[PDB]
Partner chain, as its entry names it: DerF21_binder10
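Quick setup: one chain, the form deposited without the partner chain, written in structure tokens, and binding and motion questions come after.
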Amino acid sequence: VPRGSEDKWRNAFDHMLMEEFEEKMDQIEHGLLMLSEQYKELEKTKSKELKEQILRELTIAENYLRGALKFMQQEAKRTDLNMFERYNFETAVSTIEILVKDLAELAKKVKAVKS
């Protein structure tokens, strides 16, 4: 890929990694949606085990997302990015930030269940 293109991934690892990130992102979103459903069950049952297990899964997703965030922020700062690339890294950052926010919202709710 010429260094001069502005409309594509110029590096093969960049493309491969975005692609790994996006799949991971949709999976996490889906897991969060499943945990929301489980929070609704928790609301009714008050099961200490469900509560604990939801908290554990939220903590692992959070850790992973904090890791991806750090990685993507750094990539966004690169000095050699074309517009396409910088856009993509910046959008990944925002997407992670929203997911982290949603996790933390759900965590608050779960902790608040009186089991």
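Residue numbers count along the first chain shown, from 1.
- Per the PDB record, of the two stretches 73 to 81 and 55 to 63, 73 to 81 carries the greater mean B-factor over its C-alpha atoms.
- Relative to one another, 8 to 16 and 91 to 99 have unequal mean CA B-factors, and 8 to 16 is the one with the higher figure.
Only in words, not in the display: the form deposited with the partner chain bound, which the text now covers.
- Using a 4.5 angstroms heavy atom cutoff to the partner chain in the deposited complex, none of 45, 105 and 113 count as contacting.
- Contact check for residue 26: a heavy atom falls within 4.5 Å of the partner chain in the deposited complex.
- In the deposited complex, no heavy atom of residue 109 sits within 4.5 Å of the partner chain.
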